[PDB]
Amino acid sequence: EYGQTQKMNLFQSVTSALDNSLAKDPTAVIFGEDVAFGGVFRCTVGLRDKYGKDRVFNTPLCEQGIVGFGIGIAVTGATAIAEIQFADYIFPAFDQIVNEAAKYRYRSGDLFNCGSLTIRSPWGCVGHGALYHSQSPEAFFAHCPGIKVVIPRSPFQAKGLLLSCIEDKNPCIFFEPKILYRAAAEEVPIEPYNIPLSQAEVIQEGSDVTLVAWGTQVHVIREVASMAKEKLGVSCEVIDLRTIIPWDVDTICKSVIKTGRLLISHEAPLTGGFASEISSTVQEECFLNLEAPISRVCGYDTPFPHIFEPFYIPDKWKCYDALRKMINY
């Protein structure tokens, strides 16, 4: 495919995307809490030694500062790759992201921009992260015109999507599913390559039902697809959304026009979750093809619990049962 590859898990593919970026773009800098020694998930190991202390460095412990600082770097045209240590701690920077980064180009009539900013952050459940190490905040950002929000499902996908975020001329939030950081490795090009933003990927074709998810939850719906085939004789089309905003409306709609049924799943809570935006759009576009109501299989409308995690998450059984009801509707 893309020159020489090597086996990488997700943390290593992130390190490789970042190394590629600082090798080819002399303006690029990487900064945040504890990034200098390699980061608490080891995503920046080696980079300070390779590229210098002025390019990979620790900031003070202040998320509103990190994002404000990165916007300012990007205003000058330099590539700024900010890290927020867990996506749960992105909220102190919410005003800098929503009122500042997202609106920077528009409000200046394109005199100024912070296009060269990317914010990367660990995201999603991790077994025992509880309320503040498990969150999936993408729906809070989906309602903010002017930012992009991108979430990969695997090492190959992560490196391609992150490089696209870094290079894209708009402020981007890149959420890394932390439960995948040391999951199975796969072949990843050593050299840079890009995967397009605002493009969903149909990873398995099918004819009876369309399943949509992102991040780790893609792997859950792939397993649900295999259960439906074996237990029900049902052919499921499985789509990784990849980009939360702007999202690939056309690919999802085309699939649902074919299948007539849609199930969307995400770890984030149901109410106000991004599944509502996908559901209400597909319903408007595909209304005449819908054989059953669009299903949403999500986290409960509660904070993310410590000891009850196994009961909280939208697992393959929850998703299977929902799919079973939808096919019988």
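Just count from 1 along the sequence shown to find any residue number. Here the rigid core means the biggest group of C-alpha atoms that line up within 1.5 Å when the two forms are laid on top of each other.
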Between 180-188 and 135-143, larger RMS Cα displacement in 9 other deposited structures of this protein after core fit: 180-188
Entry-level comparison of average CA B-factors, 179-187 and 156-164, reporting the higher stretch: 179-187
Higher-B stretch (mean Cα B-factor, as the entry records it), 285-293 or 44-52: 285-293
Largest Cα B-factor, entry values, listed residues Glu83, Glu138, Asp95, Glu230: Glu230
Maximum C-alpha temperature factor, selected from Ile203, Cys172, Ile71, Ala142: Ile203
Position of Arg105 among the chain's modelled residues by C-alpha B-factor, lowest, middle or highest third: lowest
Relative C-alpha B-factor of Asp248, binned into the chain's lowest, middle or highest third: middle
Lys258 - which third its CA temperature factor falls in, relative to the rest of the chain: highest
Cα B factor band for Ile307 (lowest, middle or highest third within the chain): middle
Cα B factor band for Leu197 (lowest, middle or highest third within the chain): middle
